Amino acid sequence: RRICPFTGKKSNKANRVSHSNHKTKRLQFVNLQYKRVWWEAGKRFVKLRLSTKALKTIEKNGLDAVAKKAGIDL
Amino acid sequence: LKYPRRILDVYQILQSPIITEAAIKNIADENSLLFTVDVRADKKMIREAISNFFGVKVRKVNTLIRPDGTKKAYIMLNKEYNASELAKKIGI
Amino acid sequence: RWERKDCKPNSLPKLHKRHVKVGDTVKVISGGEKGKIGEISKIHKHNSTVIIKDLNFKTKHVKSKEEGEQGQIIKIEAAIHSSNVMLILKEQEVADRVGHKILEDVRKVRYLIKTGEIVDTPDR
Amino acid sequence: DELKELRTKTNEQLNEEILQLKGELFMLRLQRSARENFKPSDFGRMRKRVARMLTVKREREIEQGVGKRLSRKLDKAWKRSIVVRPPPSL
RNA sequence: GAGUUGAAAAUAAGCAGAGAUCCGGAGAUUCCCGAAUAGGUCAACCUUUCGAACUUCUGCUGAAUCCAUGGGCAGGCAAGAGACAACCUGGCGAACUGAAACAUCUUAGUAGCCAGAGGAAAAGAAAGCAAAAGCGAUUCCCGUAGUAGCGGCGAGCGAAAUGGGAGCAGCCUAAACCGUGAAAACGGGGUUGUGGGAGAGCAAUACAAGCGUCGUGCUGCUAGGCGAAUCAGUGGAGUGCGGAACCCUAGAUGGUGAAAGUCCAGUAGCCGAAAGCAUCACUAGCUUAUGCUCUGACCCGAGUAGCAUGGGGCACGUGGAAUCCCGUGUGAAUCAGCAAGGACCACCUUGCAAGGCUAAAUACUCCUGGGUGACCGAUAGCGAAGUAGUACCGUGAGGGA
RNA sequence: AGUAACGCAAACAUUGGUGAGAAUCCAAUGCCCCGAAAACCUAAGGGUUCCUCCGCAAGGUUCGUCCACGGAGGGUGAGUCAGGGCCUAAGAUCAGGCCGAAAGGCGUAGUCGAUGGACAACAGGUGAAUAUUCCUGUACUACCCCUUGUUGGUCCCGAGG
RNA sequence: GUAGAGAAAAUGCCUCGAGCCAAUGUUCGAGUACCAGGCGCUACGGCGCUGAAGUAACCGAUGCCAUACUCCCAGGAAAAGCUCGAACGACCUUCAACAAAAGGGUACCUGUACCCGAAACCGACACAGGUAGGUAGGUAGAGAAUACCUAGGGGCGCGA
């Protein structure tokens, strides 16, 4: 799925209004993204899939907090 | 451990004899006689329910499904045992 | 004839329940041959139909044998409904309505309401 | 007229009595072909007696305590091994 | 409480007052396919060393760095996996249509499909509404109002507050500091708001509530029983008719040759349960919180509110466009604060977010029980008053007498 | 309207039967027609139509004693033939893995899937319906049982084929 | 054989080495059956007993050697059985396997009827349609055409 493990950031249901006001449907989705963050508690990288907001959050709040608040590792 | 091709209870294996004139001819002809077995029977479980219920060693069990679902088993008793005289205690 | 088969609560036919009992000595109440004593012999309890002996006269006909031989006629006595029979005893020769008592023992029996006789009598 | 004896039988006698019941019932079925017609009186009783034996055994199994699944497995380990025996009647 | 071995009649022997048939509470068995489950499979089959995969628990413990791991192996136990009439929540979400055409809009967030769950679900205890006056969690009905308003200001959509009722019910956590710590973590204090909680003192707190242990006793449910009273003549048959009695806490119903309180099963009233299940009450345990006051200024749900930008829904169609949730990026303060009061700014008033739970009134019917019908009664009523989703037709979905 | 028709231009005729009834059933004798078939098997399909005895309401484009129609009984036997218990192609389903509003999509080892590869039976009898199935005679394959020996195994494996 | 360790794969030497390949062939299977023809029964089928000869020349295959061979380009499925052996791998003459008596016994499920160039299968009909494969006789013929016939089956189900 395209759902951030660490926050339920789903895509957004949003219609793209045109200039004549013609509304299509245009599903709109997060920039969750393949990286590999360095889980210190194992001295070792893990490969994740991260909504950038959640990436900022781990850094601000550390990683393991994010972990238990979503219960993800291993 | 050895199990039977299936669990049919053994006793339930044979149901009734066949009293047609043709089966009478076979009794009087080959040392055979006909049984009517339920569908989940074998040549092992029929071959081993006459050598252990009549006290007669059996030679063949030619069994056949029957166009309506039940099964029918010609049994050839070994020549030393003779068909009609055995069927006489059975009532045929 | 499906309109008159025995009625079935889940595999069984309802049995109704009738005051009359086998071996009963009854007077025919109203229908037809009104006022004629009899001994019931056979209760069809699902219809409440009761054949009392020697009363109802049905003149049937029976093909007897396989070559058309014989076939002499039989005269069968057919049903009569249950609400048309009251009880009588020869002593109080009179029709009555049934009832019930619990006598001094545990058991519980008939009791003709208009008289003092007991319908149940002995066990046999 | 009721069978206050099965509850007196232990397991073994109960069991072999089951097998013997099924045998004598095999013979009753066999008689139908040659039409010795006492069966209707006393065919069903035979059939309707093995059931009593089975019911008694299960209750006994129950006080002792075994799951239905376990009992089923136990039955199979017994159904699997059984040799047909001629009926006592000869 | 007698007769019975299902439908229709024998048939064959049986069973029963040394309770048969039968009616209830609890049980036991429940072949094979089907979640289908030992492995495969054209379903109801074949091969089988007899027994899934997912959690969980107990043990063996890959990889690299014998690290630590996860993964694998095994012995475990037995809990999730299917089904649904309609009602409900969520995700995706059309179109014919109305606008006398049609692209904004309307049908409509309807239909349908997928995903869950319940007998109800969802919502819910205030960062609410209000307006110089007051309210006080939610959810429905009335009514304000087809008003205010929105709207190619076209078709059309259309609130709410005050008012009246149905139903009422409030709690548990996150900090702050304390006792642990193989530095995660658990324990206890702490939860309220014109501001509480971390701080300072007793005359030995009790009443109150909830729950549970198993336990006790009525009340009902699942069998049932007793239960009043009449006959004659008429005519194939009487319950009608003419005559003559009676009952009525019982002229409610179904039958009975033709209609009847007095023929039958019954009904009012009354008695009744092993056992199982219900709605309550009580006897003994935990548990209840603000019994009070005062002077400091610690914490008061962090990548969240805001903002920019793209939207969705709000009765409200980007409009002065508030509140309400979302995609991208920046990204505050916390009480000599912050949000709302229809851009925004001041002053005042209300409420205090980013954690969670919770009964009722409420919508529903494939159904069960009780009753009722200015409802049908044989091309009507269920499509179906007999082997009716049957025969038949189609490869199939499906149609269907 | 008792009107068109009665489904090809192989072709019927007789004697004698059965019967209440014969052009229509049976048996002869004759004529005739197919014969790369209008013959005999067999895969598929059908699914009880096969056989025997009664029946003739409806069916048969006539008739009916007759039927593939109704009723009652009966019937199809494999170590070798075909398939499964062996193998795999196209394809299918795919643990884990990856991807995706949900369902689900792609995909590896595995597992199925034969139309294919491994593998062992022929002749003659019998009989209302079965016969490479039953009987007679002679064969073949697989697993045990017995004897002497060597003690060395079977798998995963690497090769021929 | 040996050289880079079993086994092929590659190297070289060499082998009373010159024959190997396959349908037919012979014998037994079958001193047997089988059989035309005889003599009786008979509700005219049926059975009974007997039962002679059972050999050569021709032609010929759209079976067989046969994935012989030649020629081609467009270059023709896989995996098991089956045969050889290394870490001679867990296991070990107690559970093992081979020459082996080719000696004795045993031998699992499912289909089998009937139609099948069809009156019963698919075209709604007992439809002058369609339906894979197998066998393939005589005369004339180049021939599986055609024409007339064996084997076998039928005379087409309204008639005069």
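The rules behind the values
Residues numbered from 1 in each chain as written, not as in the entry; some residues may be left out. Chains lettered and ligands numbered in written order. Part of a larger assembly, values for the part shown. Heavy atoms only, no water. UniProt positions renumbered as here; feature names shortened; annotations may be inferred. Contact = heavy atoms within 4.5 Å. Buried area = accessible area lost by both parts, 1.4 Å probe. Salt bridge = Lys/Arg side-chain N within 4 Å of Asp/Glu carboxyl O. Helix = DSSP H or I, 4+ residues; strand = E, 2+ residues; numbered from the N terminus. Nonpolar A, V, L, I, M, F, W, Y, C, P; charged D, E, K, R; others polar. Pairing = 2+ DSSP bridges. Near = heavy atom within 4 Å. Polar contact = N/O pair within 3.5 Å; in protein donor to acceptor, adjacent residues only side chain to side chain.

The PDB entry lists chain C under the name 50S ribosomal protein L24, chloroplastic, with Spinacia oleracea given as the organism. Its PDB title, taken directly from the record, is "Structure of the large subunit of the chloro-ribosome". Annotation of chain C in UniProt includes, under Function, the sentence "Component of the chloroplast ribosome (chloro-ribosome), a dedicated translation machinery responsible for the synthesis of chloroplast genome-encoded proteins, including proteins of the transcription and translation machinery and components of the photosynthetic apparatus." Per its UniProt entry, chain C bears the Subcellular location comment "Plastid, Chloroplast".

Looking at the PDB entry, chain B carries the name 50S ribosomal protein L23, chloroplastic, with the source organism given as Spinacia oleracea.

A. Geometry of the interface of chain B and chain D. On the side of chain D, 19 residues touch chain B, which itself brings 18 residues to the contact. Summing the contributions of chain B and of chain D, the shared interface buries around 1,900 Å²; its carbon and sulfur component is 68%. The three residues of chain B that bury the most area against chain D are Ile7(B), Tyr11(B) and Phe53(B), which together make up 39% of that side's buried surface. Counting across the chain B and chain D interface gives two salt bridges. With a shortest N-O distance of 2.8 Å, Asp9(B) and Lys22(D) are connected by a salt bridge. Looking at the side of chain B that touches chain D, the elements that each hand over two or more residues are strand 1 (14-17) and helix 3 (83-90) of chain B. Of the residues assigned to the side of chain B that touches chain D, the class counts are 11 nonpolar, four polar and three charged.

B. Representation of the sheet that holds strand 7 (residues 85-87) of chain C within the structure. All names here are of chain C. With antiparallel pairing, the five strands of this open sheet are ordered in space as 6-3-2-1-7. Looking at the sheet topology across the chains shown, the edges are occupied by strand 6 (80-81) and strand 7. Direction of pairing for strand 3 (residues 49-52) relative to strand 6: antiparallel, over a ladder of two bridges. In the sheet register, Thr-49 faces strand 6, and the bridge partner there is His-81.

C. Representation of the protein's contact with RNA strand F. If you check the shell around RNA strand F, you find 16 residues, and the closest are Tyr34(A), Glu30(B), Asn62(B), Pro67(B) and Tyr74(B). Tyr34(A) is positioned with one of its side-chain polar atoms (N or O) 2.4 Å from a phosphate oxygen of RNA strand F. In the model, a phosphate oxygen of RNA strand F is placed 3.3 Å from a nitrogen or oxygen of the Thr63(B) main chain. Residue assignment for the surface near RNA strand F shows that the elements contributing at least two residues are strand 3 (58-65) and strand 4 (71-77) of chain B.

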